Amino acid sequence: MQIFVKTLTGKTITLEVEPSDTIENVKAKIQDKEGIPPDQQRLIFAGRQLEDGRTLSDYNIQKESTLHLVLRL
Amino acid sequence: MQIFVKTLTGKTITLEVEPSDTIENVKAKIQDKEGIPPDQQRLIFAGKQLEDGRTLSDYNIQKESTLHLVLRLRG
């Protein structure tokens with residue numbers, strides 16, 4: 001399925017993911033598109049930070065859900 | 001130098017490491033003590049997951065720092 005990620009400039013990118021993808025897998029997909037290493041990425045959904053070991057479906061992330069990318073400072 | 005690792009039960013072990021040790025090397029040292037293969041280990045420090053190709057030095061991990069071992073499980 002497709003999900004969206006709001007990037008550091010507020011532009012939206014589109015990823016192909018599965019409900020069983022872990023957040024660590026999703027951060028690797030974001031690294032491919034944005035060039036930010038996973039250990040520098042905070043991923044936010046519904047106003048909370050996601051943990052690396054959970055799946056997208058563990059957070060009830062759906063088709064065409066939007067995640068937010070934040071850079072670790 | 002000495003660092004600590006909190007294991008899957010919350011017990012702490014000690015590792016002998018150098019600041020130049022990679023995280024992949026540290027996972028191999030954890031395998032020797034805990035019997036968990038490196039590809040099944042998530043190593044956490046300061047609330048974030050460490051990447052294999054970085055050194056302890058790259059995360060400013062110092063003597064007596066405590067890392068957290070988590071088992072790779074979806075969920």
Side-chain angles (χ1 to χ4, degrees), chain A residues 1 3-8 13 15-62 65-73, chain B:
Chain A
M1 61 185 190
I3 66 169
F4 306 118
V5 180
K6 191 197 182 210
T7 70
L8 296 190
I13 64 166
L15 305 183
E16 183 70 29
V17 298
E18 289 299 334
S20 59
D21 285 351
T22 60
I23 296 306
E24 66 188 5
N25 185 2
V26 173
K27 289 181 173 172
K29 294 179 178 185
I30 291 171
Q31 176 181 43
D32 289 345
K33 294 199 178 298
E34 299 304 304
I36 300 161
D39 65 359
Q40 308 299 318
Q41 298 179 32
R42 290 193 184 96
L43 209 46
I44 319 293
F45 181 63
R48 66 142 164 203
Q49 183 177 6
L50 308 184
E51 296 189 22
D52 280 356
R54 306 245 196 265
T55 69
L56 291 174
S57 288
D58 289 336
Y59 287 118
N60 205 30
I61 294 165
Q62 317 260 309
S65 288
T66 301
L67 308 188
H68 293 80
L69 172 67
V70 178
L71 183 65
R72 281 211 168 75
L73 303 181
Chain B
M1 72 183 183
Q2 167 174 99
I3 66 170
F4 303 106
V5 179
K6 296 226 157 186
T7 71
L8 298 186
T9 63
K11 156 173 134 278
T12 43
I13 62 165
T14 294
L15 301 180
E16 182 66 30
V17 299
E18 294 298 335
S20 57
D21 287 353
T22 62
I23 296 308
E24 64 186 6
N25 186 3
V26 174
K27 289 180 172 170
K29 290 176 174 189
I30 292 171
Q31 176 183 40
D32 285 347
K33 295 234 179 167
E34 299 302 303
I36 302 158
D39 65 358
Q40 296 250 106
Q41 298 180 28
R42 299 195 178 102
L43 201 50
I44 317 299
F45 181 68
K48 65 164 194 175
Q49 184 178 184
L50 309 184
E51 298 190 19
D52 281 0
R54 300 225 199 280
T55 65
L56 293 174
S57 73
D58 288 332
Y59 289 116
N60 206 15
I61 291 164
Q62 288 154 36
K63 63 181 178 53
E64 297 168 18
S65 291
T66 304
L67 306 187
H68 295 78
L69 173 66
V70 173
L71 190 60
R72 271 216 166 74
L73 319 152
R74 280 192 175 91

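Lettering follows sequence order; numbering is per chain, from 1. Hydrogens, waters and symmetry mates are skipped; everything else that's a heavy atom, side chains included, is used.
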- Message: Taking salt bridge (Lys or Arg N to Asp or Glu O under 4.0 Å) as the definition, give me every residue that meets it alongside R54(A), ordered by chain and number, with sequence neighbours left out.
- Response: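 In terms of salt bridge (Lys or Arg N to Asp or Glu O under 4.0 Å), with neighbours along the sequence ignored, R54(A) is linked to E51(A).
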Separation of [Y] [atom2] from [X] [atom1] (nearest 0.5 Å):
| X | Y | atom1 | atom2 | result |
| --- | --- | --- | --- | --- |
| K6(A) | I44(A) | NZ | CD1 | 11.5 Å |
| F45(A) | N60(A) | CZ | CG | 7.0 Å |
| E18(B) | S57(B) | CD | OG | 11.0 Å |
| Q2(B) | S65(B) | CD | OG | 11.0 Å |
| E64(B) | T14(B) | CD | OG1 | 9.5 Å |
| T12(B) | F4(B) | OG1 | CZ | 7.0 Å |

- Start with the C-alpha distance between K29(B) and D21(B), add both sets of side-chain angles, then the distance that settles salt bridge (charged side-chain N to carboxylate O under 4.0 Å, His left out), and finish with yes or no. CA-CA 10 Å; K29(B) 290 176 174 189; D21(B) 287 353; 2.7 Å; yes
- Message: Using the salt bridge (charged side-chain N to carboxylate O under 4.0 Å, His left out) definition, which of the options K48(B), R72(B), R74(B) pairs with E24(A)?
- Response: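 One option only clears the test, and that one is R72(B).
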For [X] against [Y], the heavy-atom pair lying closest together:
| X | Y | answer |
| --- | --- | --- |
| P38(A) | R72(A) | O-NH1, 4.2 Å |
| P37(A) | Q31(A) | CA-NE2, 3.6 Å |
| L69(B) | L8(B) | O-CD2, 3.6 Å |

Look at the side chain of [X] and the backbone N and O of [Y], then say whether any donor-acceptor pair between them is shorter than 3.5 Å.
| X | Y | value |
| --- | --- | --- |
| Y59(A) | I23(A) | no |
| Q41(B) | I36(B) | yes |
| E51(B) | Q49(B) | no |
| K11(B) | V5(B) | no |

- Message: Run the side chain to side chain contact (heavy atoms under 4.5 Å, CB included) test on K33(B) and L15(B) for me, step by step, so that the C-alpha distance in whole Å, both residues' side-chain angles and the decisive distance to 0.1 Å come before the verdict.
- Response: CA-CA 9 Å; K33(B) 295 234 179 167; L15(B) 301 180; 4.3 Å; yes
- Does the side chain to side chain contact (heavy atoms under 4.5 Å, CB included) test come out yes or no for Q40(B) and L71(B), once each step is laid out? CA-CA 6 Å; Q40(B) 296 250 106; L71(B) 190 60; 4.3 Å; yes
- Message: Going by side-chain contact (heavy atoms from CB on, under 4.5 Å), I61(A) matches just one of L67(A), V26(A), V17(A). Which one?
- Response: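 Of the listed residues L67(A), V26(A), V17(A), the side-chain contact (heavy atoms from CB on, under 4.5 Å) partner of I61(A) is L67(A).
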- Task: State plainly whether the residues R42(B) and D52(A) are in salt-bridge range, i.e. N to O under 4.0 Å.
- Result: no
- Do the side-chain N and O atoms of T22(A) and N25(A) include a donor-acceptor pair separated by under 3.5 angstrom?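 Absent: no donor and acceptor within the cut-off.
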- Would you check, one step at a time, whether the test side chain to side chain contact (heavy atoms under 4.5 Å, CB included) holds for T66(B) with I3(B)? CA-CA 6 Å; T66(B) 304; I3(B) 66 170; over 6 Å; no
- Task: May I have the step-by-step check of side chain to side chain contact (heavy atoms under 4.5 Å, CB included) for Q62(A) and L56(A), ending in yes or no?
- Result: CA-CA 8 Å; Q62(A) 317 260 309; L56(A) 291 174; over 6 Å; no
